[PDB]
Each structure stands twice: as C-alpha cells, then as structure tokens.
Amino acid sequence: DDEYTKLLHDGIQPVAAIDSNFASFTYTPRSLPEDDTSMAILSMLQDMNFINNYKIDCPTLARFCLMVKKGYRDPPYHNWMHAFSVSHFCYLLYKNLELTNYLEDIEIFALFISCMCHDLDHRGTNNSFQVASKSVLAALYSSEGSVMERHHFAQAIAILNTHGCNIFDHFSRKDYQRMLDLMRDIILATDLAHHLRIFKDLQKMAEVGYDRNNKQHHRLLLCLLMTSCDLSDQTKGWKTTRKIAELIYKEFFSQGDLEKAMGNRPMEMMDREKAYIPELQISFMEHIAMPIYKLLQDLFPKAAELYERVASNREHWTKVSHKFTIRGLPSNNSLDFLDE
C-alpha cells in the first residue's frame, strides 16, 4: 500500500539507469540498497521482455514483487537480499550465456520467478532441523522430502492466489499449468539432495553437449542453472564470499545452538565449538560449488570466468586459513577458555 505507491510511481526503468555494470558478472547485486531491489526486479523482467511477451499487468506485477519481498523473513543469510541476488544472477545468465538459444521463453521466465520465490519464508534452518524440531513444515512435508523447498513452493502458490497478485491469471490454461509445474521442479532443484541425485545426469549432458530438442536436457539445465544462481555468492570477489560466509555460518551456528538445547548433537558445520570454517568452506567450494560451475563451463564456454572466480576464492580461503590460529592472547586477554 505505502510501498506500492512508491514502487508503482517509480516506473519500470532501463537496466542502465540502475548501474552501467548491471548486466556484468563482476557486478555485486548486494551493493544495491534494499529499497531499490523491487524496482530492479521489474527492470530485469522488462529487459528480458517478459512483461510485453506475456502481457503481464504491471500493477499486478508490482504487487506480486512486493508480496514476494514481504514473504521473506530476516535470518542472517536466507532473507530477501539472497533471493534478490539469486534473481539477479539468473538475469546475468540470460544476458551473458544467451539462454534464449537453449530454453523456451516460458522456461526462462519460470526460472526467474522461481529464483525470486525459491527461499520464501525461510527460517534460517535446514531440512534436517524441521524434522528434529517437529515443526509444522515437517508435519506437512517430511514424508515427501525436501521439506523447506516444498514450503517455498507452497508459499509462492499462496502469493499467486492472493487477490491482485496473480501474474499468470491471463495466461492460457496450457501455459498456466506449465508455469506451475516449472516453478515446482525448479524450486525443488534447490535442495542439495536433489542436485546430488541428478549429478551424474548433469555430467552426462555436459559431456555429450546440450541438445535443444531433448526435453530431459531442458529439465536438467533448468536444475543446474537454478543451483548456479543459488550459490552465485561464490562467483564474485573476496569481499562477497567472505561476508556471505559470515551470514551463513551465523545462521548455521544459531541452528546448532537450538539443536544442543533440545538434546541433539548438531553436525560439525552447525557446531560453533567444533566448526573449523577454513576447512568447511574449502570442502564446500571444491566438492559442491566448483563442480556446479565446472558443469556450467562445459555447457557454456562464456561461463568459464565463473568457475575461475570460485576456484580463486577457494585458493583465497587456503591463503587466509592460518589466521584462525590464535596468536598471543585472544581478543579478550583471558585464558579462561582453556577449561572450556
């Protein structure tokens, strides 16, 4: 309502007016103030021509975007600024890798909307913690798997069914179902478990080459692209990867604290007393992040700089590892911690 008037009266702006480096892989979406993000979303959709392509009612689109933004909570990492930055990287893939030569317009459109919606109502805890804590989400989704991802999707649907927020209510019956299916598949691809299951399929597709006439390749690419966006904080500079590490480990240790308080022993990366950040970071870089961008590189030669930045950032984590060794007294001037 208040933010609605602000957003609407701003008007859909050319992507250049935001920043000259906006469509570049070097640009950091987190540099943009949060109060400008909703306009940037609209700008990106305009630049990809999805507004005119699908004749989306602009006030409906404004309301949708504000609702999505409002649909995020404020944990250290999984907040709107994460969804925004993920969305931005999806836009970057479109502009830089020329996705129109690989996927249907409806698929790219679904990828971008999914990115906006992919962590809706995230509470800063993983799928595991929902079960352990016996949350409502576990009650709802634990037997199906990908607990959080199913909630994110359910939240996205609820937004669409909010009056004045249905950006697809003018879509053909065929296109409408397609969009819903695509959003579900893409959002569920954000579960690491899913990525790990389809990993060998992705390796096959990258080696043999992407075949645009292969409907399975479309599915797999959409998944790979979604995971690339989700992890894109690893493709920027040192400052970004380091700041993000702060937010992610903050979130992780908060969850770990809650697991100790209810009896459970949290995994190493959730435990603030046992977690060695350099080691956990490097292991994640080398074994999760880097292969995703290696696969992307093999499918799109223009993605090579992304893999190189993740590799460079991983080397930087090795370089600064030694600093986690307490020299002198701790920044406390006490040794009381030697009796834990």
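Rigid core (definition): largest C-alpha set, two forms, superposition within 1.5 Å. Counting begins at 1, following the sequence as shown.
Trainee: Taking RMS over all structures and residues, which stretch has CA atoms farther from the shown form in 9 other deposited structures of this protein, 81-89 or 205-213, after a rigid core fit?
Mentor: More C-alpha displacement in 9 other deposited structures of this protein shows up in 205-213.
Trainee: Could you check whether 146-154 or 92-100 drifts more from the shown form in 9 other deposited structures of this protein, using RMS Cα distance once the core is superposed?
Mentor: Stretch with the higher C-alpha RMS distance in 9 other deposited structures of this protein: 146-154.
Trainee: Quick check: 115-123 versus 136-144, which has the larger average CA B-factor in the record?
Mentor: Higher mean C-alpha B-factor in the PDB entry: 136-144.
Trainee: Quick one: higher average CA temperature factor, 97-105 or 220-228?
Mentor: Higher of the two, by average CA B-factor, is 97-105.
Trainee: Have a look at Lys69, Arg63, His287, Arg30 and flag the one whose Cα has the highest B-factor in the entry.
Mentor: Of the candidates given, the C-alpha B-factor peaks at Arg30.
Trainee: So if I compare the CA B-factors in the entry for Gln130, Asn166, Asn213, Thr235, which one is the largest?
Mentor: Across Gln130, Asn166, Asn213, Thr235, the entry lists the biggest C-alpha B-factor for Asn213.
Trainee: Lowest, middle or highest third: where is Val208 by C-alpha B factor in its chain?
Mentor: Middle third, going by the recorded CA B-factors of the chain.
Trainee: With respect to C-alpha B-factor, does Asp175 fall in the lowest, middle or highest third of the chain as deposited?
Mentor: Middle third of the chain for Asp175's C-alpha B-factor.
Trainee: Split the chain's modelled residues into thirds by Cα B-factor; is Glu251 in the lowest, middle or highest one?
Mentor: For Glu251, the deposited C-alpha B-factor lands in the middle third.
Trainee: For the chain shown, is the CA B-factor of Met267 in the lowest, middle or highest third of its modelled residues?
Mentor: CA B-factor rank for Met267: highest third.
Trainee: Relative to the other modelled residues in the chain, which third contains the C-alpha temperature factor of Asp257: lowest, middle or highest?
Mentor: Its C-alpha B-factor belongs to the highest third of this chain's values.
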